[PDB]
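This document starts with one chain, in the form deposited without the RNA, laid out as structure tokens.
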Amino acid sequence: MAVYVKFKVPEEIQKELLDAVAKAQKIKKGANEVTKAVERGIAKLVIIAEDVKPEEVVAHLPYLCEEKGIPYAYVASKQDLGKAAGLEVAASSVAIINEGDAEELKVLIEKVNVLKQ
């Protein structure tokens, strides 16, 4: 398990995370765009895959999200995350900018907040 994975997200909540990405109205995909979205403060929540190699592609994201007050969590597979983001390829990370379901997003963020201590 990579040092960048700071807490373990139950598979059920990982599924909800992938679903939140899949129904989002606007997202950023991959480490470069996600990093910019967090720096800009426009990301509502950041999803990071646990199997990114090299780990340095996303290792800085947890610190950065915490430093910008932006919630983040994990899913097991960059391939699953890219497919949820509507891609034909993997995505190391995704930032939800404009979500599909505001209530669902709010509940998901709360659940994540509980996991991260």
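We number the residues from 1 along the sequence you see.
Taking the PDB entry as given, 101-109 carries the higher mean Cα B factor of the two stretches 101-109 and 14-22. Looking at 81-89 and 65-73 together, the entry lists the larger mean B-factor for 81-89, computed on C-alpha atoms.
Among all modelled residues in its chain, residue 29 ranks in the middle third by Cα B-factor. Split the chain's modelled residues into thirds by C-alpha temperature factor. Residue 60 is in the lowest one. Ranked by C-alpha B-factor against the other modelled residues of its chain, residue 40 falls in the highest third.
The following text describes the form solved in complex with the RNA, which does not appear among the structures shown.
Although the partner is absent here, residue 76 lies well away from the RNA in the bound PDB entry, with no heavy atom inside 4.5 Å. Contact check for residue 57: a non-hydrogen atom falls within 4.5 Å of the RNA in the bound PDB entry. Under a 4.5 angstroms non-hydrogen atom cutoff, the RNA in the bound PDB entry has residue 90 among its neighbouring residues. Within this chain, residue 52 lines the site of the RNA in the bound PDB entry, having a heavy atom no more than 4.5 Å away. Residues 29, 30, 31, 32, 33 of 23-37 are found to place at least one heavy atom within 4.5 Å of the RNA in the bound PDB entry.
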